[PDB]
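S.K.: Quick one, what's the 3D model for this:
(chains A, B, C, D, E and F, ligands or ions: 14)
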Amino acid sequence: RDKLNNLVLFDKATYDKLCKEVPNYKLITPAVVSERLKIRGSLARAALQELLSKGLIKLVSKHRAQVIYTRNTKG
Amino acid sequence: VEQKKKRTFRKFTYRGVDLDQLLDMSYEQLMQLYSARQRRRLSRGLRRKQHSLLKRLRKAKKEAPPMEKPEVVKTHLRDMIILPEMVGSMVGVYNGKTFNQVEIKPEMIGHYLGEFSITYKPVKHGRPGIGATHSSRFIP
Amino acid sequence: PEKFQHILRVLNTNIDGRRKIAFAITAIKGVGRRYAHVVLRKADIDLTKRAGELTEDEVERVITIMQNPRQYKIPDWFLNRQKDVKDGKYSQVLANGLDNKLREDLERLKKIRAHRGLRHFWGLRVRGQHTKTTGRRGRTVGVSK
RNA sequence: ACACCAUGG
RNA sequence: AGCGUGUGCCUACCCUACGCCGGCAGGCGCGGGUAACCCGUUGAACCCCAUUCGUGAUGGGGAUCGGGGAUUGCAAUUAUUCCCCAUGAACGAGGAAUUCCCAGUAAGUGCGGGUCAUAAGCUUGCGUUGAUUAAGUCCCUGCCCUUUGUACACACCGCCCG
RNA sequence: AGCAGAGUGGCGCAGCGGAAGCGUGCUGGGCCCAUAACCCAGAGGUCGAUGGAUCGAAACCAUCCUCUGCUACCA
Ligand SMILES: [Mg+2]
Ligand SMILES: [Mg+2]
Ligand SMILES: [Mg+2]
Ligand SMILES: [Mg+2]
Ligand SMILES: [Mg+2]
Ligand SMILES: [Mg+2]
Ligand SMILES: [Mg+2]
Ligand SMILES: [Mg+2]
Ligand SMILES: [Mg+2]
Ligand SMILES: [Mg+2]
Ligand SMILES: [Mg+2]
Ligand SMILES: [Mg+2]
Ligand SMILES: [Mg+2]
Ligand SMILES: [Mg+2]
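M.R.: Residues are numbered from 1 along each chain as shown, chains lettered A, B, ... in the order given. Ligands and ions are numbered 1, 2, ... in the order given. Now the structure:
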């Protein structure tokens, strides 16, 4: 056991990294954003939904268990 | 009462009333203060010939000379609802072989008689015997 | 988003600011989680903001509800202490009122040496459990002499 | 193409 | 869904619909059933779909303990059972060893019978979602048949030498 | 009194600065129809005491104490 540090709401650096991580990924799930950033996970969900409301990402499958996104359906 | 507050001029009661007003209450007005079990035991509570305990407990708090105590009514009735009238008395409760005396305090209210006279000696252990461990068994 | 102070020291205990407010205030004794949801509901507070997102005036609105529940219309069957044995009141003992009320209750029991008082004294099991093969704290004994 | 295997109210 | 049980011959109790009251356990009222006729089209759990939590002994886990409210009974204290608020322990896949199992089987999951005034962490049955691995061998623990050796026959847990 | 060696788990001991274990014993369990042998868990520590160096020691340095072997054997 260790201390997996995580934030519940963003700091400006992390908010920049979110609005710039979109193209970098071809797999956008709450888990991967919660691990590559220091995000609680209930925060990664809200942030991903916020981005999706901006058309910045494309939802490829949502389930009660697991959610996924994609890059831009481009390129 | 034997302390600064418990049913005193300074504030402590039973359920919000004084022992003096409790002796001025009837079983019906009184059972609304008792907890659920004693309420059921009085609601259902014809108390058929448990009344000998109540009588003999009086008629013995009366013959008591002033500034003294009554001697010992002694009984097998271990499940008797302690009522505000039984207070101050001197009772011997059957253990299973002895009668153990119990002076009644006001704080004993609503508890049971048998709850003050335990049926066994508390254990303290000897040394383990020849069968105590799975290793211990062997004699030539 | 919302980068102001989070941790708050509600009466005598450190309520962490991160957890959801419902599961945040449960760090108070005497206040489980089923009671907390009722307190927050009667306080009109949103139930999707952490402890860090409440200003200094809502928290008093919540405290005064936790302390005086009977009057904010939280029924008399939620309160953990009922017809209190010494004076007939109904209330939630909160933080050290819980410790003292347990202490006073055990003293009350031992004083007239009820069968439960002696069990609390001797340090045994107070309800009706068998004790032959349970609890079992002490050290092993050997048959050797 | 062979390690160690004693004893019995 | 499937197997079932249901007014009791002394004995003295049965399964419950539907209305109303109460947060809950429960209470009152008024019908059906001696049963493919009524409970009952037995609206079972896991599963299925959607929301909150986020690797933290945490909302995992639910021991121990305080206070209160009902039902059974002649009687509930050493708390019968049941409900509510509160308290929130060990436990982060378990050493040497060792148990059961081959297809609707192992396991997960709930439901009836028995005991039963009240009442399963038991047992006896029932369905429900439903795998991985084998089609073998005599190695281990044992079993059956033949040949062979014995100083054993209370029979190798035997007998016996200094 | 002197020299040399040692002082660590009940007992024998290992431990060339990044710091507590080994053999045996004790308590308990495993294996077997039993018992010994054999297998595993647990408890048990002022690392002789006192100061100092070192970023840090049981270990290095200084003083003292306690055991063992050998000579000295000393009004
Ligand atoms: Mg043998
Ligand atoms: Mg011998
Ligand atoms: Mg011999
Ligand atoms: Mg019983
Ligand atoms: Mg069953
Ligand atoms: Mg029954
Ligand atoms: Mg049953
Ligand atoms: Mg049985
Ligand atoms: Mg054969
Ligand atoms: Mg022959
Ligand atoms: Mg022969
Ligand atoms: Mg012979
Ligand atoms: Mg013989
Ligand atoms: Mg032999």
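S.K.: secondary structure class for residue B:29?
M.R.: The assignment at residue B:29 comes out as helix when based on DSSP: H, G, I helix; E, B strand; the rest coil.
S.K.: what sits against it?
M.R.: Listed by C-beta atoms under 8 Å, 6 or more residues apart in numbering or on different chains, the contact set of residue B:29 is empty. Bear in mind the C-beta positions are built from the backbone N, C-alpha and C, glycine included.
S.K.: Can you show me the strands along chain B?
M.R.: B:73-75, B:90-94, B:99-103 (DSSP state E).
S.K.: So what touches the shortest one?
M.R.: Strand B:73-75 has contacts (C-beta under 8 Å, 6+ apart) with B:53, B:56-57, B:60, B:89-94, B:99, B:113.
S.K.: Tell me the strands beside it, with direction?
M.R.: strand B:90-94 (parallel) (DSSP bridges).
S.K.: so the partner strand versus strand B:99-103, what angle?
M.R.: If you take axes from the mean of the first three to the mean of the last three C-alpha atoms, to 10 degrees, strand B:90-94 sits at 150 degrees to strand B:99-103.
S.K.: right, quick check: strand B:90-94 against RNA strand E, any contact?
M.R.: No. Against RNA strand E, strand B:90-94 shows no contacts by C-beta under 7 Å from any atom of the strand, the least distance being 10.0 Å.
S.K.: How far does that strand sit from its chain's centre?
M.R.: The chain centre lies 9 Å from the centre of strand B:90-94; the measure is C-alpha atoms, centre = their mean, to the nearest Å.
S.K.: hmm, back to that, can you put the contacts of strand B:73-75 in JSON lines and add neighbour count?
M.R.: Converted to JSON lines, the contacts of strand B:73-75 look like this (neighbours: other C-beta atoms under 10 Å in any protein chain shown):
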{"residue": "B:53", "neighbour count": "18"}
{"residue": "B:56", "neighbour count": "13"}
{"residue": "B:57", "neighbour count": "22"}
{"residue": "B:60", "neighbour count": "15"}
{"residue": "B:89", "neighbour count": "21"}
{"residue": "B:90", "neighbour count": "18"}
{"residue": "B:91", "neighbour count": "24"}
{"residue": "B:92", "neighbour count": "16"}
{"residue": "B:93", "neighbour count": "21"}
{"residue": "B:94", "neighbour count": "17"}
{"residue": "B:99", "neighbour count": "16"}
{"residue": "B:113", "neighbour count": "22"}
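S.K.: and of the residues you listed, the nearest to RNA strand E?
M.R.: Closest approach to RNA strand E among those (C-beta to the nearest atom of the strand): residue B:113, at 7.9 Å.
S.K.: my read: that closest one touches residue B:77, true?
M.R.: Yes. Taking contacts as C-beta atoms under 8 Å, residue B:113 lies within contact range of residue B:77: 6.6 Å.
S.K.: Residue A:68 pairs with what?
M.R.: residue A:61.
S.K.: Tell me which residues touch it, please.
M.R.: A:27-29, A:59-62.
S.K.: Need the residue closest to the centroid of chain C.
M.R.: For chain C, the residue sitting closest to the mean C-alpha position, by C-alpha atoms, centre = their mean, is residue C:30 at 1.6 Å.
S.K.: what are the phi and psi angles of the residue nearest to the spatial centre of chain B?
M.R.: For chain B, the residue nearest the mean C-alpha position is residue B:113 (3.0 Å; C-alpha atoms, centre = their mean). Per-residue torsions, residue B:113: phi -60, psi -50 (degrees, to the nearest 10).
S.K.: check contacts around it.
M.R.: Going by C-beta under 8 Å, 6+ apart, residue B:113 touches B:75, B:77-80, B:82, B:91, B:93, B:102.
S.K.: I'd like to know which of those residues are buried.
M.R.: Among the contacts of residue B:113, those scoring as buried are B:75, B:78, B:80, B:82, B:91, B:93, B:102 (criterion: 16 or more other C-beta atoms under 10 Å in any protein chain shown).
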